[PDB]
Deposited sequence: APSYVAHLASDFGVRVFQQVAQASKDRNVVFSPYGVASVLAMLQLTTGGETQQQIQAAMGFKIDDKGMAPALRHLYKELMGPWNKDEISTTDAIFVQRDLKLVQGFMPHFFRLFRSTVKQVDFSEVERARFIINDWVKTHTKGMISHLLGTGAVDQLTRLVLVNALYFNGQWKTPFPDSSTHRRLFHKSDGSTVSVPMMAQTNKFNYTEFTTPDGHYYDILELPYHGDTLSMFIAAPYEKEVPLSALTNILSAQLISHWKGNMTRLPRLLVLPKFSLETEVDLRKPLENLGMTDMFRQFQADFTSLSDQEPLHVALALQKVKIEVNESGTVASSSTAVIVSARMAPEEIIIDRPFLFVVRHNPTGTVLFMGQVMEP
């Protein structure tokens, strides 16, 4: 059961990422597949009718079913354990109107399943409501993500806000020597070149070569973090002309697990560029393409499990991810666009995903 829900959370989150990357061609994007699954699973308890059916059908599981929520509670405790060492910061929050009569029994049931509460804020005080959302993210990401650019859209009419924020800056198992860091040329998808600092180290890295259904070769390299608890999978096509879209559209939790199994250690000189990327995305259009259309529509939305008094709808759905990648004879030069995956090896959870077009 804990490995089963982690597989469903990863599969759903990859499908959301595949939609955000489709509308972000030739541009840097960082997304948390595990993060978007957590907020959507919490929202599954606030919904009713056909609105609740649309989320359950896309996610592949019902949150009220036996052993579904205790498996996610065990997963979060495992991911935020003693190994953490201030590398990851996860936060999930749902905001609703303060003077709104909630269904008697919702609040105790919500805390029983996620060990969290739905925050009640007055949206009449626009600037005060904007501060509470930004301050909640600030205090729960240890001050890494302090502001959300999407909060500038909330007003006196806003009644429901969905927010998720993730931070990553992991410690490598075998760190990169700072003396090897030098500025190298990076080729862009349009044909232009840019000079960016690149890390280098000689080690026995896990390597594999896979093929796309079209018939194009692509290589995968594994970079483990301290205690092998986490690993970064760098995916890039063999041919310089092949775009990253071909590799993105075929992603899944099974494929990443299949990459690890077919991998064999090889002595190489890896040249990986340094990148500190940040991306904030509105989840209206990506969740709409997956089937969840009702939750955003004013009259078609059903949130009877949260409140039957006033009609509600998701006015704002956001995710802000900040990833940091720093230092702490055959060669592999990563000097062209590539894909990255941050996997939690014991459960197989896809924590982070993205495409680096320009570091």
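Colleague: Which residue ranges of the deposited sequence are not present in the modelled coordinates?
Modeller: No C-alpha coordinates exist for 329 to 345, and that is the only such stretch.
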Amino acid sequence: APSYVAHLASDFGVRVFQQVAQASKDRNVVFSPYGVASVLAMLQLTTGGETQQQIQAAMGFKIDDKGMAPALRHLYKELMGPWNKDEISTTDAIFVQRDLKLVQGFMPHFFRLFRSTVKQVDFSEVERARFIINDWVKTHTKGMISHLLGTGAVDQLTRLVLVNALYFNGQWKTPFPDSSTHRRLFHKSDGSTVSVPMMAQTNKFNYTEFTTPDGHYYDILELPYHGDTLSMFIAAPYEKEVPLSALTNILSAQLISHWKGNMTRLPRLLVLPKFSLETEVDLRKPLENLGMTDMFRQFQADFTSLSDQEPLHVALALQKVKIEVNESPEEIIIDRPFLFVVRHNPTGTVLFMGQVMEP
From here on, numbers count along this sequence of modelled residues.
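Colleague: Give the stretch, out of 71 to 79 and 161 to 169, with the larger mean C-alpha temperature factor in the deposited entry.
Modeller: Mean C-alpha B-factor is greater for 71 to 79.
Colleague: Do the C-alpha atoms of 181 to 189 or of 244 to 252 have the higher average B factor in the entry?
Modeller: Mean B over CA atoms: larger for 181 to 189.
Colleague: At the C-alpha atoms, which of 283, 232, 277, 200 reaches the highest B-factor in this entry?
Modeller: So the option with the highest C-alpha B-factor is 200.
Colleague: Which of these, 38, 319, 328, 44, has its C-alpha atom at the highest B-factor, as the entry lists it?
Modeller: Spelled out: the listed residue with the top C-alpha B-factor is 328.
Colleague: When the deposited Cα B-factors of this chain's modelled residues are ordered and cut into thirds, is residue 90 in the lowest, the middle or the highest one?
Modeller: Its C-alpha B-factor belongs to the lowest third of this chain's values.
Colleague: By its CA B factor, does residue 299 count among the lowest, middle or highest third of the modelled residues in the chain?
Modeller: As the PDB entry reports it, the C-alpha B-factor of residue 299 lands in the highest third of its chain.
Colleague: Within this chain's modelled residues, let me know which third the CA B factor of residue 305 belongs to: lowest, middle or highest.
Modeller: As the PDB entry reports it, the C-alpha B-factor of residue 305 lands in the middle third of its chain.
Colleague: What third of the chain, by the recorded C-alpha B-factor, contains residue 118?
Modeller: As the PDB entry reports it, the C-alpha B-factor of residue 118 lands in the middle third of its chain.
Colleague: Ranking every modelled residue in this chain by its Cα temperature factor as given in the entry, which third contains residue 287?
Modeller: Within its chain, residue 287 is a lowest-third residue by C-alpha B-factor, going by the deposited values.
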